[PDB]
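Structure data (mmCIF, C-alpha atoms and all ligand atoms) from target-v5.cif:
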data_work
#
loop_
_atom_site.label_atom_id
_atom_site.label_comp_id
_atom_site.auth_asym_id
_atom_site.auth_seq_id
_atom_site.Cartn_x
_atom_site.Cartn_y
_atom_site.Cartn_z
CA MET A 1 5.26 -8.33 3.66
CA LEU A 2 4.59 -9.36 7.32
CA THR A 3 1.72 -7.54 9.25
CA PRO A 4 -1.35 -9.71 8.36
CA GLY A 5 -3.21 -8.25 5.37
CA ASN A 6 -0.04 -6.52 4.15
CA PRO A 7 -1.10 -2.95 5.05
CA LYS A 8 1.29 -0.46 3.43
CA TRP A 9 1.56 3.21 2.66
CA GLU A 10 0.54 4.19 -0.90
CA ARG A 11 3.15 6.94 -1.04
CA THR A 12 6.70 6.94 0.22
CA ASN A 13 7.12 10.57 1.36
CA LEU A 14 5.27 10.54 4.67
CA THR A 15 4.84 13.32 7.19
CA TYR A 16 5.14 13.08 10.96
CA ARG A 17 4.30 15.29 13.90
CA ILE A 18 5.36 15.12 17.55
CA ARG A 19 2.26 16.26 19.42
CA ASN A 20 3.72 16.52 22.92
CA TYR A 21 6.82 15.72 24.92
CA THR A 22 8.09 13.97 28.03
CA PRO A 23 9.59 15.66 31.13
CA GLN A 24 12.33 13.01 31.15
CA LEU A 25 14.18 14.51 28.20
CA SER A 26 14.58 17.90 26.58
CA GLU A 27 12.35 18.76 23.62
CA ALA A 28 15.45 18.57 21.36
CA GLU A 29 16.38 15.15 22.71
CA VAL A 30 12.89 13.80 21.89
CA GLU A 31 13.01 15.40 18.41
CA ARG A 32 16.40 13.76 17.83
CA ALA A 33 15.34 10.32 19.03
CA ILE A 34 12.33 10.40 16.73
CA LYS A 35 14.21 11.82 13.74
CA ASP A 36 16.95 9.22 14.05
CA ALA A 37 14.38 6.42 14.48
CA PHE A 38 12.71 7.38 11.18
CA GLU A 39 16.06 7.68 9.42
CA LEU A 40 16.88 4.06 10.29
CA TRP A 41 14.06 2.94 8.02
CA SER A 42 14.61 5.65 5.44
CA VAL A 43 18.19 4.59 4.63
CA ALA A 44 16.98 1.01 3.92
CA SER A 45 13.99 1.86 1.72
CA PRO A 46 12.59 4.59 -0.53
CA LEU A 47 10.71 6.14 2.40
CA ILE A 48 11.33 9.81 3.14
CA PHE A 49 10.00 11.32 6.39
CA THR A 50 9.14 15.00 6.58
CA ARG A 51 8.36 16.69 9.88
CA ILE A 52 5.55 19.20 10.43
CA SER A 53 5.13 21.30 13.57
CA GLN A 54 1.31 21.53 13.66
CA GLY A 55 -1.67 20.19 11.76
CA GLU A 56 -2.39 16.89 10.08
CA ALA A 57 0.52 14.46 9.56
CA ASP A 58 0.51 10.85 8.43
CA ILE A 59 2.25 9.63 11.57
CA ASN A 60 1.39 11.22 14.91
CA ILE A 61 3.79 10.68 17.83
CA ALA A 62 2.56 11.39 21.39
CA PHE A 63 3.15 10.53 25.04
CA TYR A 64 -0.03 9.49 26.90
CA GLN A 65 -0.91 7.83 30.25
CA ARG A 66 -3.36 5.00 30.92
CA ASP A 67 -6.59 5.45 28.90
CA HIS A 68 -5.95 7.79 25.98
CA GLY A 69 -8.83 7.39 23.56
CA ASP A 70 -7.96 4.32 21.49
CA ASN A 71 -9.16 1.46 23.70
CA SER A 72 -5.57 0.21 24.23
CA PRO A 73 -4.68 1.73 27.58
CA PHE A 74 -1.17 2.06 28.91
CA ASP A 75 -0.27 0.44 32.23
CA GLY A 76 1.93 2.77 34.26
CA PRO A 77 5.68 2.30 34.78
CA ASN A 78 7.29 -0.64 32.99
CA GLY A 79 5.30 -3.30 31.05
CA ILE A 80 3.80 -1.83 27.90
CA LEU A 81 6.12 0.92 26.68
CA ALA A 82 4.48 2.07 23.44
CA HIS A 83 2.31 0.90 20.58
CA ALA A 84 1.62 1.85 16.98
CA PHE A 85 -1.08 1.36 14.37
CA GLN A 86 -0.63 -0.29 10.98
CA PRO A 87 -0.53 1.89 7.84
CA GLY A 88 -3.84 3.53 7.13
CA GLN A 89 -5.78 6.75 7.33
CA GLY A 90 -6.53 8.56 10.61
CA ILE A 91 -5.05 6.72 13.58
CA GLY A 92 -3.23 4.50 11.06
CA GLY A 93 0.54 4.78 11.42
CA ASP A 94 0.33 6.67 14.69
CA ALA A 95 2.69 5.81 17.55
CA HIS A 96 1.93 6.32 21.23
CA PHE A 97 4.45 6.15 24.06
CA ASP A 98 3.63 5.56 27.73
CA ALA A 99 4.14 8.89 29.46
CA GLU A 100 4.78 7.16 32.82
CA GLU A 101 8.10 5.64 31.69
CA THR A 102 11.58 6.81 32.39
CA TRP A 103 12.57 7.73 28.81
CA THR A 104 16.28 8.06 28.13
CA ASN A 105 18.92 8.50 25.49
CA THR A 106 21.26 6.27 27.45
CA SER A 107 21.66 2.58 28.28
CA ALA A 108 19.16 2.95 31.15
CA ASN A 109 15.62 1.70 30.64
CA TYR A 110 13.98 2.88 28.41
CA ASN A 111 15.82 4.28 25.41
CA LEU A 112 13.28 6.33 23.43
CA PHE A 113 15.14 6.07 20.10
CA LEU A 114 15.13 2.27 20.24
CA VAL A 115 11.47 1.99 21.26
CA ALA A 116 10.40 4.54 18.61
CA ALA A 117 12.46 2.76 15.95
CA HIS A 118 10.67 -0.54 16.78
CA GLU A 119 7.24 1.09 16.82
CA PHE A 120 7.85 2.78 13.47
CA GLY A 121 8.38 -0.72 12.03
CA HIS A 122 4.74 -1.38 12.97
CA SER A 123 3.72 2.06 11.62
CA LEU A 124 5.21 1.00 8.28
CA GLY A 125 3.61 -2.48 8.12
CA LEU A 126 5.99 -4.91 9.90
CA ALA A 127 4.99 -7.41 12.56
CA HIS A 128 7.31 -9.13 15.03
CA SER A 129 10.36 -11.07 14.05
CA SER A 130 11.47 -14.31 15.62
CA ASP A 131 15.13 -13.34 15.07
CA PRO A 132 16.37 -12.37 18.55
CA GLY A 133 18.80 -9.89 16.95
CA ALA A 134 16.07 -8.04 15.04
CA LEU A 135 14.77 -4.60 15.99
CA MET A 136 11.29 -6.04 15.46
CA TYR A 137 11.77 -8.78 18.09
CA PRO A 138 8.89 -8.54 20.60
CA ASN A 139 10.87 -7.64 23.75
CA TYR A 140 12.93 -4.51 24.41
CA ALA A 141 16.69 -4.74 24.85
CA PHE A 142 19.33 -2.04 24.85
CA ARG A 143 21.95 -1.96 22.08
CA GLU A 144 24.46 0.67 21.29
CA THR A 145 22.79 3.67 19.68
CA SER A 146 25.63 6.08 18.72
CA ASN A 147 26.03 4.69 15.20
CA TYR A 148 23.04 2.38 15.06
CA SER A 149 21.70 0.87 11.86
CA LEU A 150 18.96 -1.61 11.14
CA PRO A 151 19.70 -5.22 11.79
CA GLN A 152 19.70 -7.15 8.54
CA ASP A 153 16.42 -8.96 9.31
CA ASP A 154 14.59 -5.62 9.55
CA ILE A 155 16.15 -4.48 6.26
CA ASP A 156 14.77 -7.70 4.75
CA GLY A 157 11.36 -6.79 6.15
CA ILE A 158 11.17 -3.17 4.97
CA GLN A 159 12.50 -4.16 1.54
CA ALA A 160 9.82 -6.86 1.24
CA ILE A 161 7.14 -4.17 1.59
CA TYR A 162 8.63 -1.12 -0.15
CA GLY A 163 11.77 -2.19 -1.95
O1 LIG A 201 1.92 -4.10 24.30
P1 LIG A 201 1.91 -4.11 22.72
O2 LIG A 201 1.40 -5.49 22.18
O3 LIG A 201 1.19 -2.91 22.23
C1 LIG A 201 3.72 -4.03 22.26
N1 LIG A 201 4.27 -2.83 22.91
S1 LIG A 201 5.48 -3.04 23.99
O4 LIG A 201 5.56 -1.77 24.77
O5 LIG A 201 5.30 -4.29 24.80
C2 LIG A 201 7.08 -3.10 23.21
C3 LIG A 201 7.59 -1.97 22.56
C4 LIG A 201 8.86 -1.98 21.99
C5 LIG A 201 9.67 -3.13 22.08
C6 LIG A 201 10.99 -3.15 21.53
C7 LIG A 201 11.54 -4.35 21.01
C8 LIG A 201 12.85 -4.37 20.50
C9 LIG A 201 13.63 -3.20 20.57
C10 LIG A 201 13.10 -2.02 21.12
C11 LIG A 201 11.81 -2.02 21.63
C12 LIG A 201 9.16 -4.26 22.75
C13 LIG A 201 7.89 -4.23 23.31
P2 LIG A 201 4.00 -3.89 20.46
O6 LIG A 201 3.94 -2.41 20.05
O7 LIG A 201 5.44 -4.40 20.26
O8 LIG A 201 3.04 -4.83 19.78
CA CA A 202 4.04 1.10 30.83
CA CA A 203 -2.10 8.60 11.03
ZN ZN A 204 -2.58 4.46 22.01
ZN ZN A 205 6.27 -4.53 18.61
#

Spit out the file's structure as structure tokens when you get a sec.
Amino acid sequence: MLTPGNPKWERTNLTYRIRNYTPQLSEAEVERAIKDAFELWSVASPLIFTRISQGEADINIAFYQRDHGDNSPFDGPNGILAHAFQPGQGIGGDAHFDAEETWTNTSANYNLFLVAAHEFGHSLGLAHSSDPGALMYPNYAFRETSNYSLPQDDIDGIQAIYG
């Protein structure tokens, strides 16, 4: 449980698609950040994420600037980094990233893998944690990524929804 209304996916093998990229990183680096972000949740649950290259996926990932069609505009550099929709059809599950950020795979603001991993919590039905060590805490902070695994609070959360 946790996002109000307990929205959750009805099946556990979900597809994803990366619709576009960011000039800040190579295409492979974005693919890797996203893949590894999904795998964080997969190893703590029965969820299995399968990538498609084109067409209709459960979870769309894209980089957009300012107004981008969903009435939740981005805000330029810094501030809002990304957002994601609760499980559901259509825009449900989808994760958008502010294309005006410096996106990294380093300690420098902002690490794409960490932001994506947080947003995918929302895509799967988690709200914010009050545990300051949780991935689902409301404010971004860098932590070491080379061997990263979900903080225990986030494991508690995904298990509460999906086992
Ligand atoms: O401005 P929004 O309310 O859409 C938030 N987006 S955000 O860009 O302010 C944001 C995104 C990721 C994080 C984050 C937190 C912990 C670790 C990594 C990233 C924090 C804030 P949300 O997706 O968390 O509800
Ligand atoms: Ca921004
Ligand atoms: Ca969707
Ligand atoms: Zn959006
Ligand atoms: Zn959040």

Give the residue list for ligand ZN 205 (chain A) at 8 Å, counting only C-alpha atoms and all ligand atoms, as a PDB file with C-alpha atoms, in the coordinates of the input, sorted by chain and then by residue number.
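Output saved as result-v1.pdb:
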ATOM      1  CA  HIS A  83       2.310   0.900  20.580  1.00  0.00           C
ATOM      2  CA  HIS A 118      10.670  -0.540  16.780  1.00  0.00           C
ATOM      3  CA  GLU A 119       7.240   1.090  16.820  1.00  0.00           C
ATOM      4  CA  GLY A 121       8.380  -0.720  12.030  1.00  0.00           C
ATOM      5  CA  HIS A 122       4.740  -1.380  12.970  1.00  0.00           C
ATOM      6  CA  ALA A 127       4.990  -7.410  12.560  1.00  0.00           C
ATOM      7  CA  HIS A 128       7.310  -9.130  15.030  1.00  0.00           C
ATOM      8  CA  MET A 136      11.290  -6.040  15.460  1.00  0.00           C
ATOM      9  CA  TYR A 137      11.770  -8.780  18.090  1.00  0.00           C
ATOM     10  CA  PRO A 138       8.890  -8.540  20.600  1.00  0.00           C
ATOM     11  CA  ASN A 139      10.870  -7.640  23.750  1.00  0.00           C
TER      12      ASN A 139
END

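Across the model, the gap from CA of residue 145 in chain A to CA of residue 52 in chain A is 25.0 Å.
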
List as a PyMOL selection string the protein and nucleic acid residues near residue 110 in chain A, meaning an atom at most 10 Å away when all atoms listed in the file are counted, but skip any in the same chain fewer than 4 places from it. chain A and resi 78+81+101-106+114-115+140-142

Name each residue within 8 Å of ligand ZN 204 (chain A), counting all atoms listed in the file, as a ChimeraX atom specification. /A:64,68-74,82-84,95-97

So which residues touch residue 37 in chain A within 12 Å, counting only C-alpha atoms, skipping near sequence neighbours fewer than 2 positions away, as number ranges by chain? A: 16, 30-35, 39-43, 49, 61, 111-121, 123, 135, 145, 147-150

Deliver the residues from the most recent selection as a file, using C-alpha atoms, as a compact mmCIF listing (two decimals), in the frame of the given file.
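Saved to out04.txt:
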# COMPACT_ATOMS: atom_id res chain seq x y z
CA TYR A 16 5.14 13.08 10.96
CA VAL A 30 12.89 13.80 21.89
CA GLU A 31 13.01 15.40 18.41
CA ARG A 32 16.40 13.76 17.83
CA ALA A 33 15.34 10.32 19.03
CA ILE A 34 12.33 10.40 16.73
CA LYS A 35 14.21 11.82 13.74
CA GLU A 39 16.06 7.68 9.42
CA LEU A 40 16.88 4.06 10.29
CA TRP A 41 14.06 2.94 8.02
CA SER A 42 14.61 5.65 5.44
CA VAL A 43 18.19 4.59 4.63
CA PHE A 49 10.00 11.32 6.39
CA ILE A 61 3.79 10.68 17.83
CA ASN A 111 15.82 4.28 25.41
CA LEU A 112 13.28 6.33 23.43
CA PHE A 113 15.14 6.07 20.10
CA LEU A 114 15.13 2.27 20.24
CA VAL A 115 11.47 1.99 21.26
CA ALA A 116 10.40 4.54 18.61
CA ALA A 117 12.46 2.76 15.95
CA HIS A 118 10.67 -0.54 16.78
CA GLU A 119 7.24 1.09 16.82
CA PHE A 120 7.85 2.78 13.47
CA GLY A 121 8.38 -0.72 12.03
CA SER A 123 3.72 2.06 11.62
CA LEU A 135 14.77 -4.60 15.99
CA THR A 145 22.79 3.67 19.68
CA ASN A 147 26.03 4.69 15.20
CA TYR A 148 23.04 2.38 15.06
CA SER A 149 21.70 0.87 11.86
CA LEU A 150 18.96 -1.61 11.14

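You will find CA of residue 7 in chain A at 7.3 Å from CA of residue 88 in chain A.
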
Model the absent atoms of range 118-149 of chain A so that N, CA and C atoms are present, and write the result as a short mmCIF file (atom, residue, chain, number, x, y, z; two decimals), keeping the file's coordinate frame.
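rebuild_21.cif, freshly written:
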data_model
loop_
_atom_site.label_atom_id
_atom_site.label_comp_id
_atom_site.auth_asym_id
_atom_site.auth_seq_id
_atom_site.Cartn_x
_atom_site.Cartn_y
_atom_site.Cartn_z
N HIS A 118 11.48 0.68 16.81
CA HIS A 118 10.67 -0.54 16.78
C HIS A 118 9.24 -0.22 16.41
N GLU A 119 8.64 0.77 17.08
CA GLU A 119 7.24 1.09 16.82
C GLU A 119 7.04 1.56 15.40
N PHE A 120 8.00 2.32 14.86
CA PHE A 120 7.85 2.78 13.47
C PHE A 120 7.88 1.60 12.48
N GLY A 121 8.53 0.49 12.83
CA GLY A 121 8.38 -0.72 12.03
C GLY A 121 6.91 -1.11 11.88
N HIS A 122 6.18 -1.11 13.00
CA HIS A 122 4.74 -1.38 12.97
C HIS A 122 3.99 -0.31 12.15
N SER A 123 4.33 0.96 12.37
CA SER A 123 3.72 2.06 11.62
C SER A 123 3.87 1.90 10.12
N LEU A 124 4.93 1.20 9.70
CA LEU A 124 5.21 1.00 8.28
C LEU A 124 4.71 -0.34 7.72
N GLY A 125 4.19 -1.24 8.56
CA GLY A 125 3.61 -2.48 8.12
C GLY A 125 4.33 -3.77 8.49
N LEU A 126 5.30 -3.72 9.40
CA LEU A 126 5.99 -4.91 9.90
C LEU A 126 5.38 -5.41 11.19
N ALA A 127 5.32 -6.72 11.31
CA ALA A 127 4.99 -7.41 12.56
C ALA A 127 6.28 -7.84 13.26
N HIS A 128 6.15 -8.69 14.27
CA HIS A 128 7.31 -9.13 15.03
C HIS A 128 8.10 -10.17 14.31
N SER A 129 9.41 -10.07 14.50
CA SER A 129 10.36 -11.07 14.05
C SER A 129 10.63 -12.11 15.12
N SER A 130 10.97 -13.31 14.69
CA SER A 130 11.47 -14.31 15.62
C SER A 130 12.99 -14.30 15.76
N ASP A 131 13.67 -13.48 14.98
CA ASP A 131 15.13 -13.34 15.07
C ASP A 131 15.43 -12.51 16.32
N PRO A 132 16.12 -13.10 17.31
CA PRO A 132 16.37 -12.37 18.55
C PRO A 132 17.29 -11.16 18.39
N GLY A 133 17.99 -11.06 17.26
CA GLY A 133 18.80 -9.89 16.95
C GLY A 133 18.06 -8.79 16.21
N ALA A 134 16.81 -9.04 15.81
CA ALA A 134 16.07 -8.04 15.04
C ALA A 134 15.49 -6.91 15.89
N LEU A 135 15.46 -5.70 15.35
CA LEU A 135 14.77 -4.60 15.99
C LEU A 135 13.30 -4.94 16.26
N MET A 136 12.70 -5.68 15.35
CA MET A 136 11.29 -6.04 15.46
C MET A 136 11.03 -7.30 16.32
N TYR A 137 12.02 -7.77 17.07
CA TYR A 137 11.77 -8.78 18.09
C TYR A 137 10.79 -8.24 19.14
N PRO A 138 9.96 -9.11 19.74
CA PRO A 138 8.89 -8.54 20.60
C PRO A 138 9.28 -7.91 21.93
N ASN A 139 10.48 -8.18 22.43
CA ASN A 139 10.87 -7.64 23.75
C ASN A 139 12.02 -6.64 23.62
N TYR A 140 11.92 -5.55 24.36
CA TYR A 140 12.93 -4.51 24.41
C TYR A 140 14.26 -5.02 24.94
N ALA A 141 15.35 -4.58 24.32
CA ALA A 141 16.69 -4.74 24.85
C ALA A 141 17.54 -3.58 24.37
N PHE A 142 18.42 -3.10 25.23
CA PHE A 142 19.33 -2.04 24.85
C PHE A 142 20.38 -2.58 23.89
N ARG A 143 20.70 -1.77 22.89
CA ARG A 143 21.95 -1.96 22.08
C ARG A 143 22.49 -0.62 21.80
N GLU A 144 23.77 -0.61 21.44
CA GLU A 144 24.46 0.67 21.29
C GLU A 144 23.80 1.51 20.22
N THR A 145 23.58 2.78 20.53
CA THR A 145 22.79 3.67 19.68
C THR A 145 23.61 4.70 18.91
N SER A 146 24.86 4.93 19.29
CA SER A 146 25.63 6.08 18.72
C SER A 146 25.84 6.04 17.21
N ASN A 147 25.72 5.00 16.59
CA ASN A 147 26.03 4.69 15.20
C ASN A 147 25.13 3.57 14.72
N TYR A 148 23.92 3.52 15.26
CA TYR A 148 23.04 2.38 15.06
C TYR A 148 22.53 2.32 13.63
N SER A 149 22.40 1.10 13.11
CA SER A 149 21.70 0.87 11.86
C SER A 149 20.86 -0.38 11.95
#
